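Quick note on labels: first sequence line is chain A, next is B, and so on, each numbered from 1. Only this structure's heavy atoms are used, side chains among them; waters, hydrogens and symmetry mates stay out.
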Amino acid sequence: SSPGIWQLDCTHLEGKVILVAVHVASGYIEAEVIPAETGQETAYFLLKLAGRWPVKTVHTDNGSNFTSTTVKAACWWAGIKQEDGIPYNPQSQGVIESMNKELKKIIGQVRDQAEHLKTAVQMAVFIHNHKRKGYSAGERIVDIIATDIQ
Amino acid sequence: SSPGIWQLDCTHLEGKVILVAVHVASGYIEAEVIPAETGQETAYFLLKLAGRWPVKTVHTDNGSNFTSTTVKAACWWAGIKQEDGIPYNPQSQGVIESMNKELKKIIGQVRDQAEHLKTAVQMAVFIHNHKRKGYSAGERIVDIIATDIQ
Amino acid sequence: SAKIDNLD
Amino acid sequence: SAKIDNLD
Ligand SMILES: [Cl-]
Ligand SMILES: [Cl-]
């Protein structure tokens with residue numbers, strides 16, 4: 001949980017795939033809806049993420065995105081160390097599960113305010129990042145990185 | 001130039017539209033490619049932005065997005081004060097123009113590494129945000145916001 | 001249709 | 001196609 005470590009996570013709803021990146025130290029997330037998880041979709045999402053935050057290491061969500069040469073090309077381009085996602089720490093496994101269940105709970109709570117799933121997912125990203133638990137995840141991530149810069 | 005103030009900007013390339021949001025105080029940017037600039041696309045982009053940074057005020061890029069009730073609905077949802085984009089300060093017009101010129105220069109420099117324009121634009125976002133001019137825009141935005149939180 | 005993303 | 005987004 002250094003300032004530059006992020007974890008990918010792929011969850012499913014409504015026959016679609018929600019890809020999420022988690023900043024491990026803060027719990028801040030970015031997410032998108034895609035029709036299915038491919039190395040090209042995963043590679044583009046990581047290019048987006050690394051232009052917006054200083055992404056040093058990504059633990060990939062599965063072995064297909066770890067092996068994908070398209071994902072390795074994007075991590076080369078953006079200066080990211082691509083790593084596996086093995087929960088050498090079993091708490092890791094549990095933390096991700098309960099984040100997927102929280103996001104799915106939030107999506108349910110907004111789902112009727114949006115025609116398209118992708119709007120509901122971005123509503124859920126906003127509520128997750130601004131929730132105070134005390135600081136929010138969006139507050140923690142800025143604090144952590146600013147501390148690292150200084 | 002407060003921590004929560006952003007400016008929208010719409011520029012065109014390859015018959016497509018690039019919508020950019022600029023954090024005024026740092027020059028940090030987020031951007032996307034869309035087929036054309038509608039209130040629904042602009043509204044979704046602002047929902048994305050506000051889930052990821054603490055967006056207090058948006059100066060809209062033109063009067064159609066200022067008037068759009070879909071953009072007003074998204075700024076209501078996400079807690080953003082929607083404002084006009086009038087350059088009461090003429091240095092504004094100029095700063096935006098020269099940003100669009102800088103992004104288009106970067107996009108040209110990378111354009112041959114990407115099949116799709118959207119990849120080139122996200123490469124250009126990454127290079128713009130990490131360029132040192134000495135700190136980068138991505139460093140400035142974190143510092144500013146962390147200073148605000150404290 | 002009374003949705004944020006489709007006010008219709 | 002020798003592109004980052006289309007390695008073919
Ligand atoms: Cl899939
Ligand atoms: Cl247009």
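- With no hydrogens or angles considered, a side-chain donor-acceptor pair links A:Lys104 and A:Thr11 at under 3.5 Å.
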Inset, instruction - Any chance you could lay out the side chain to side chain contact (heavy atoms under 4.5 Å, CB included) test for B:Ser64 and B:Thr67, step after step, and finish with the verdict? - result: CA-CA 5 Å; B:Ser64 289; B:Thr67 300; 5.8 Å; no
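- Between chain B and the options A:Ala43, A:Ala50, A:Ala31, heavy-atom pairs under 4.5 Å are most frequent for A:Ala50.
- Contact count versus chain A (heavy atoms, under 4.5 Å) is highest, among B:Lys48, B:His116, B:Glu30, B:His130, for B:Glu30.
- Contact between B:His59 and B:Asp84 at its shortest, heavy atoms only, is ND1-O, 2.9 Å.
- A side chain to side chain donor-acceptor pair (under 3.5 Å) with B:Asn65 holds for exactly one of B:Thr38, B:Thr42, B:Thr60; it is B:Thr42.
- Most heavy-atom pairs under 4.5 Å with chain B: of the set A:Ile29, A:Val121, A:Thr119, this distinction falls to A:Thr119.
- Taking chain A as the reference chain and counting heavy-atom pairs below 4.5 Å, the highest number among B:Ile127, B:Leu47, B:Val125 is found for B:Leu47.
- Your options are B:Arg52, B:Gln122, B:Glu32, and the one with the most heavy-atom pairs under 4.5 Å with chain A is B:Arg52.
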Inset, instruction - Verify side-chain hydrogen bond (donor to acceptor under 3.5 Å, both in side chains) between A:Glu37 and A:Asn62, making sure each step is shown before the conclusion. - result: CA-CA 11 Å; A:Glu37 194 182 29; A:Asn62 55 54; 3.0 Å; yes
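- Remark: B:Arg111 engages B:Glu14 in a salt bridge, criterion side-chain N to carboxylate O under 4.0 Å.
- Across A:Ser68 and A:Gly39, no two heavy atoms sit closer than the pair OG-CA, 3.5 Å.
- Minimum interatomic distance between B:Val110 and B:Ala120 (heavy atoms only, all atoms of both residues): CG2-O, 3.6 Å.
- Ranking A:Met123, A:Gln113, A:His128 against chain B, the residue ahead of the rest is A:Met123, based on heavy-atom pairs under 4.5 Å.
- Residues A:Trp6 and A:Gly4 share a closest heavy-atom pair of CD1-O, 3.5 Å.
- Contact residues of residues 136-150 of chain B toward chain A are B:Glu139, B:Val142, B:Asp143, B:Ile145, B:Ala146, B:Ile149, B:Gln150 (heavy-atom distance under 4.5 Å).
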